[PDB]
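The structure under discussion appears below in the form of structure tokens.
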Protein chains: 2
Amino acid sequence: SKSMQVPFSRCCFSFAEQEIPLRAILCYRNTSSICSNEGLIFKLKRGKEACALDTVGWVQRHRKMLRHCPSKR
Amino acid sequence: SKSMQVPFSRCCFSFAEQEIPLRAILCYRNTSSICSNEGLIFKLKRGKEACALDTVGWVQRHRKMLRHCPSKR
Ligand SMILES: *[C@@H]1O[C@H](CO)[C@@H](O)[C@H](O)[C@H]1NC(C)=O
Ligand SMILES: *[C@@H]1O[C@H](CO)[C@@H](O)[C@H](O)[C@H]1NC(C)=O
């Protein structure tokens, strides 16, 4: 287990205004706890991503319909 | 070009204390301009990464010896 690592944080400072369709989303990532701010990250198709604010209804409803994104190692 | 996207920011709030060997690094990523803080991200082997503070000598010397990380699309 190679760990010279001090990872970067994934933060959401700007958020999706327009509702993203559920069909367009693969999974979600939670933002880093240091810069949390109730943001969520939806993994879209072809490598794309979108920050979404979890205090908004459609974000909560979508989050409840998707699993957390998996990671490599 | 699918863009429903509002990307997350890559930030560096904690930094590498111990110097990472140049041989262990593939390239570097600059942090997002919103949360810049003079941090740098070094891409390590087997998917790993490390935040490094660009006001420190070894970080500046290493940065000058590596190219910027490429991206998919
Ligand atoms: C995701 O955010 C929720 C709050 O909405 C929190 O309870 C949880 O610990 C976070 N999970 C991860 C895996 O970061
Ligand atoms: C990287 O940081 C330098 C300052 O050290 C800045 O001049 C530059 O605009 C940044 N480049 C990118 C590609 O983010």
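Residue names in the structure tokens use chain letters A, B, ... in the order shown, residue numbers from 1 in each chain, and ligand numbers from 1 in the order shown.
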Find the residues of chain A in contact range of chain B, meaning any atom within 8 Å when counting only C-alpha atoms, and list them as a ChimeraX atom specification. /A:3-16,20,41,46-51,72-73
Exercise: residue 27 in chain A partners within 7 Å, only C-alpha atoms, chain neighbours under 2 positions left out, as a count of residues only: 7
If DSSP is run on the backbone, what residues of chain A are helix (DSSP H, G or I)? A reply as a compact mmCIF listing (two decimals) with N, CA and C atoms, in the first residue's frame would be ideal.
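Okay, states-v6.txt is ready:
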# COMPACT_ATOMS: atom_id res chain seq x y z
N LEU A 22 -32.17 12.15 -14.42
CA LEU A 22 -31.68 10.94 -13.74
C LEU A 22 -30.96 9.99 -14.71
N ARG A 23 -31.54 9.79 -15.92
CA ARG A 23 -31.01 8.93 -17.01
C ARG A 23 -29.60 9.33 -17.46
N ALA A 24 -29.25 10.61 -17.29
CA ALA A 24 -27.97 11.20 -17.68
C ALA A 24 -26.87 10.99 -16.63
N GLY A 57 -34.74 19.86 -3.66
CA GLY A 57 -35.56 18.67 -3.85
C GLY A 57 -35.12 17.66 -4.90
N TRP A 58 -34.96 18.09 -6.16
CA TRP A 58 -34.56 17.20 -7.25
C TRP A 58 -33.21 16.53 -6.99
N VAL A 59 -32.31 17.19 -6.26
CA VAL A 59 -31.00 16.64 -5.91
C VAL A 59 -31.19 15.49 -4.90
N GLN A 60 -32.07 15.69 -3.90
CA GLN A 60 -32.39 14.72 -2.86
C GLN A 60 -33.08 13.51 -3.48
N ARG A 61 -34.07 13.77 -4.37
CA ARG A 61 -34.83 12.73 -5.06
C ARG A 61 -33.95 11.88 -5.97
N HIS A 62 -33.02 12.51 -6.71
CA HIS A 62 -32.07 11.83 -7.58
C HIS A 62 -31.09 11.02 -6.75
N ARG A 63 -30.49 11.63 -5.70
CA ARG A 63 -29.52 10.97 -4.81
C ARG A 63 -30.09 9.65 -4.26
Just list the residues in chain A DSSP gives strand (DSSP E) on the backbone, as JSON, numbers by chain. {"A": [9, 10, 11, 25, 26, 27, 28, 29, 30, 39, 40, 41, 42, 43, 44, 49, 50, 51, 52, 53]}
Write a file of the selected residues as a CSV table (one decimal), in the first residue's frame, keeping N, CA and C atoms.
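Produced file part.csv, reproduced below:
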chain,number,residue,atom,x,y,z
A,9,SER,N,-8.8,17.7,-2.3
A,9,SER,CA,-10.2,17.6,-1.8
A,9,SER,C,-11.1,17.9,-3.0
A,10,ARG,N,-12.3,17.2,-3.1
A,10,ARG,CA,-13.2,17.5,-4.2
A,10,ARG,C,-14.2,18.4,-3.6
A,11,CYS,N,-14.4,19.6,-4.1
A,11,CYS,CA,-15.3,20.6,-3.5
A,11,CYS,C,-16.2,21.1,-4.6
A,25,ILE,N,-27.2,10.4,-15.4
A,25,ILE,CA,-26.4,10.2,-14.3
A,25,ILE,C,-26.1,8.8,-14.0
A,26,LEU,N,-24.8,8.4,-13.7
A,26,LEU,CA,-24.4,7.1,-13.4
A,26,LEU,C,-24.4,6.8,-11.9
A,27,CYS,N,-23.9,7.7,-11.1
A,27,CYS,CA,-23.8,7.6,-9.7
A,27,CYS,C,-23.4,9.0,-9.1
A,28,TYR,N,-23.3,9.1,-7.8
A,28,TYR,CA,-22.9,10.3,-7.1
A,28,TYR,C,-21.6,10.1,-6.3
A,29,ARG,N,-20.9,11.2,-6.0
A,29,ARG,CA,-19.7,11.3,-5.1
A,29,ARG,C,-20.1,12.4,-4.1
A,30,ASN,N,-19.8,12.1,-2.8
A,30,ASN,CA,-20.0,13.1,-1.7
A,30,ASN,C,-18.7,14.0,-1.8
A,39,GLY,N,-23.0,20.2,-0.8
A,39,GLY,CA,-22.9,19.9,-2.2
A,39,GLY,C,-22.8,18.4,-2.4
A,40,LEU,N,-23.2,18.0,-3.6
A,40,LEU,CA,-23.1,16.6,-4.0
A,40,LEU,C,-22.5,16.6,-5.4
A,41,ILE,N,-21.9,15.5,-5.8
A,41,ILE,CA,-21.3,15.5,-7.2
A,41,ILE,C,-22.0,14.3,-7.9
A,42,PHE,N,-22.6,14.6,-9.1
A,42,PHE,CA,-23.2,13.6,-9.9
A,42,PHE,C,-22.3,13.3,-11.0
A,43,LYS,N,-21.9,12.1,-11.2
A,43,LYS,CA,-21.1,11.6,-12.3
A,43,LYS,C,-21.9,11.4,-13.5
A,44,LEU,N,-21.6,12.2,-14.5
A,44,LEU,CA,-22.4,12.1,-15.8
A,44,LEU,C,-21.7,11.2,-16.8
A,49,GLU,N,-19.0,15.7,-15.0
A,49,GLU,CA,-19.5,15.7,-13.6
A,49,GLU,C,-20.3,17.0,-13.3
A,50,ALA,N,-21.2,17.0,-12.3
A,50,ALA,CA,-21.9,18.2,-11.9
A,50,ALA,C,-22.1,18.3,-10.4
A,51,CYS,N,-21.8,19.5,-9.9
A,51,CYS,CA,-22.1,19.8,-8.5
A,51,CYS,C,-23.6,20.1,-8.4
A,52,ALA,N,-24.2,19.7,-7.3
A,52,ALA,CA,-25.6,19.8,-7.1
A,52,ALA,C,-25.7,20.1,-5.6
A,53,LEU,N,-26.6,21.0,-5.2
A,53,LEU,CA,-26.8,21.4,-3.8
A,53,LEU,C,-27.9,20.5,-3.2
What does the distance between CA of residue 70 in chain A and CA of residue 55 in chain A come to in Å, to one decimal place?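 CA of residue 55 in chain A lies at a distance of 23.9 Å from CA of residue 70 in chain A.
Of note, CA of residue 56 in chain A and CA of residue 33 in chain A are spaced 19.3 Å apart.
Across the structure, atom 5 (O, counted along the ligand's line) of ligand 2 and CA of residue 36 in chain B are spaced 9.2 Å apart.
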